[PDB]
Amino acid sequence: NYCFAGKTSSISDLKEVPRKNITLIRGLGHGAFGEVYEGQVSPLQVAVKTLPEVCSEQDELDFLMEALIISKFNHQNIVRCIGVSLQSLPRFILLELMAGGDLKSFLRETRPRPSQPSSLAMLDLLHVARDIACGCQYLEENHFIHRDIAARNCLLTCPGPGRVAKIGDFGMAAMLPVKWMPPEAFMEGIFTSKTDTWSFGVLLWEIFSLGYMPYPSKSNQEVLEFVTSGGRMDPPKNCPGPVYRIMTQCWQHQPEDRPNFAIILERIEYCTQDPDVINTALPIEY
């Protein structure tokens, strides 16, 4: 059913892994349609999205569709799909296991504290953002629009240095993520790649505040009105001007005025080269 990079594909095109080759190990949390587990294949370590046996037809198709989409990507900042197990119940989608967990947790559990005073530096944050901008770039030059670029949808391979960040859910592509959306998206329902640009800008704020909820204190409707009136979040605490400057460029009201990801990428690179930026200390939370 699904078309990408030119090629058209279908369920026949997914790697069916024999169920007997799949061991579940522990649960990791819950995604859209159910608990995700840590698991194995034969020795291969994976995450296992599962579909609850008692679910709707549309549930069946959303689940299959997530597999097709994520299976056609080939980029190192987009989580890999090992295969599926769709011919035994409950259904499985096997994905690259990201030991560092999701980005919003990582940021929160790694905030520098008086004991972990050097858990992270500004340069770790810029690499996480480089990683994701690189993924979003790959999507843009393939005309794919993600629609939900947010910290909760990103993942890290490992906790320590050497960690690579990747876009790890494609569920979108009052439940609406208003706080990540540009005016023309929540008003006119128009999406283009300039809307992932806006979202990325908000992700950048999440990254540099260390996992805070955007527009702290505002409900969905207040954000919608704030944002359409020209309102914009302040710099996260300690955020360097040049990094904030990328945020406010991503949030330009006119889609045509926002940068594309090649340009965002250049500017994260320049930030990364600037001693004034990366010699900046993160807030040690007490």
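Residue positions are given as counts along the sequence shown, with the first one as 1. Each form is matched to the other, and the largest set of C-alpha atoms that superpose within 1.5 Å is called the rigid core.
- Root-mean-square C-alpha deviation from the shown form, taken over all structures in 5 other deposited structures of this protein superposed by the rigid core, is larger for 116-124 than for the alternative among 155-163 and 116-124.
- Fitting each structure in 5 other deposited structures of this protein onto the rigid core and averaging C-alpha distances over structures and residues, 164-172 emerges as the more displaced of 199-207 and 164-172.
- The stretch of deposited sequence separating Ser42 from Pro43 contains 4 to 9 residues lacking coordinates in this entry.
- According to the PDB entry, the deposited sequence contains 10 or more residues between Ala173 and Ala174 that lack coordinates.
- Averaged over CA atoms, B-factors in the entry run higher in 111-119 than in the other of 150-158 and 111-119.
- Relative to one another, 188-196 and 203-211 have unequal mean CA B-factors, and 188-196 is the one with the higher figure.
- Looking only at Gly241, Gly29, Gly231, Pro236, the residue with the top Cα B factor in the deposited structure is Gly29.
- Comparing the C-alpha B-factors of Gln252, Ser56, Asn260, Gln221 in the entry, the top value falls on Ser56.
- Per the PDB record, residue ranking by Cα B-factor puts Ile268 in the middle third of the chain.
- Among the modelled residues of the chain, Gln137 sits in the lowest third by CA temperature factor in this PDB entry.
- Among all modelled residues in this chain, the alpha-carbon of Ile246 has a temperature factor (C-alpha) in the lowest third.
- Placement of the Cα temperature factor of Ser105 within the chain: middle third of the modelled residues, per the deposited record.
- Placement of the Cα temperature factor of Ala99 within the chain: middle third of the modelled residues, per the deposited record.
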